[PDB]
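Below: one structure, written as C-alpha cells.
Bear in mind these aren't lab numbers, they're just calculated from the coordinates by the rules spelled out. Cβ placement follows ideal geometry from the backbone for every residue including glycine, while neighbour counts extend to all protein chains displayed.
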2 protein chains.
Amino acid sequence: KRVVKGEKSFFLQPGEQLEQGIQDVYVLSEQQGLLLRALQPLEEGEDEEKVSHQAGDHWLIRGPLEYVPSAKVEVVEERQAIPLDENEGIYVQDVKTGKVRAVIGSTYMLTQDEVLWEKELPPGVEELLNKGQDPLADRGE
Amino acid sequence: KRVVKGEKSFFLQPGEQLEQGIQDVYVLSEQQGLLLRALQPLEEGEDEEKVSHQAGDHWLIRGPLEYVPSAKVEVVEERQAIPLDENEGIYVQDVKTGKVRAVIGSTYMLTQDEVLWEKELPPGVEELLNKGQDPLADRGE
C-alpha cells in the first residue's frame with residue numbers, strides 16, 4: 001500500500017486502486033484523542049524524538065493536531081476527555097497491572113491501558129445515599 | 001479554494017465554481033462574538049501581533065468588527081454576551097480543567113473552553129426559595 005495525503009491531484013495508473021475512497025484527515029482538539037495499535041514495528045519521528053513501537057503495541061494520540069494514519073498503524077478508538085469539577089471524580093483501572101484507583105479533580109483523559117471501573121454497593125446503601133440530601137421528615141418519623 | 005471579498009466584480013473562468021454562492025460578511029457588535037476552529041496551522045496578523053494556531057484549536061472573536069472567514073478557519077458558533085446586574089450571576093465551567101465557578105456582576109461573554117453549568121438542588125429547597133419572598137401567612141399558620 002501507499003498513503004497519499006495533501007493538496008494533490010493525480011491519476012490512478014493501471015493496476016492501482018484506492019482502498020476506501022478519498023478519506024479525510026483526523027483533526028483533533030486538545031479535548032480529543034486517538035487510541036491506535038501498531039501492526040508492524042515502526043518508527044515515527046514527528047517531533048525531534050523518535051517513538052519506536054512493537055508489533056502489538058498501543059499508544060495514545062492527544063492534543064490539537066492533524067493526524068493521517070500510517071500504513072503500519074491501525075486506529076482503534078476515538079477518545080474524549082472527561083470534564084471533572086474539583087471534588088468530582090471517576091474510577092479507572094490500569095488493566096496492565098489491575099490497580100483500580102480514583103482520579104479526582106481536573107478534567108481527565110484515560111490514557112493507554114486504562115478503562116473505567118464500576119464501583120458496586122451493598123443493598124440499601126444506594127437508597128440511603130440519595131435520600132440523605134435532605135432527609136428531614138424521614139428523620140422526623 | 002480561494003476567498004474573494006470586497007467591492008469587486010469578476011467572471012468565473014472555466015473550471016472555477018462558487019462554493020456556496022455570494023456570501024455576506026460577518027459584522028459584529030461589541031455584544032457579539034464568534035467561536036471558530038482551525039483546520040490547519042495558520043497565521044493571522046490582523047493587528048500588529050500574530051496569533052498562531054494549531055490544527056485543532058479554538059479561539060473567540062469578539063468586538064465591533066467585520067470578519068470574513070478564511071479558508072483554513074471554520075466558524076463553529078455565534079455568541080452573544082449575557083447581561084448581568086450587580087448581584088446577579090451565572091455558573092460557568094472551564095471544560096479544559098473542570099473548574100465550575102460563579103461569575104457575578106458585569107455583563108459577561110463566555111470565552112473559549114467555557115460552558116454553562118447547571119446547579120442542582122435537593123428536593124424541597126426549590127419550593128422554599130420562591131415562597132420566601134413574602135411567606136407571611138404561611139409563617140402565621
Pairwise centroid distance, computed over Cα atoms, of segment B:1-56 with segment A:27-87, Å: 31 Å
For B:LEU65, residues with placed amide H under 5 Å, excluding near neighbours: B:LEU28
Two-site label geometry, B:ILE82 and A:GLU7: point separation in nm, points 7 Å out along Cα→Cβ: 4.0 nm
D_trans [Stokes-Einstein, Kirkwood Rh over alpha-carbon pairs] for the protein assembly as shown, 20 °C, 1.002 mPa s, µm² s⁻¹: 86 µm²/s
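How large is the translational diffusion coefficient of segment A:1-55 in µm² per second when you combine the Kirkwood radius over alpha carbon pairs with Stokes-Einstein at 37 °C and 0.692 mPa s?
222 µm²/s
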For segment B:94-141, fraction of C-alpha pairs farther apart than 15 Å, in %: 65 percent
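Nearest 20 debye, what's the magnitude of the dipole of the protein assembly as shown about its Cα centre given +1 on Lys and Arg Cβ and -1 on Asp and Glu Cβ?
For the protein assembly as shown, the charge dipole is close to 1040 debye.
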Cα-based Rg and Dmax for chain B, where Dmax is the largest Cα-Cα distance (Å): 22.9, 85
Reciprocal of mean inverse Cα separation for segment B:51-127 (Kirkwood radius, Å): 15.2 Å
Estimated distance in nm for a label pair at A:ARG37 and A:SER106, the labels positioned 7 Å out from Cα along Cα-to-Cβ: 3.1 nm
Cα-based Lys proximity count in chain A, under 17 Å, for pairs eight or more positions apart or on separate chains: 4
Computed over segment A:64-104, Cα set: Rg, Dmax in Å: 15.1, 43
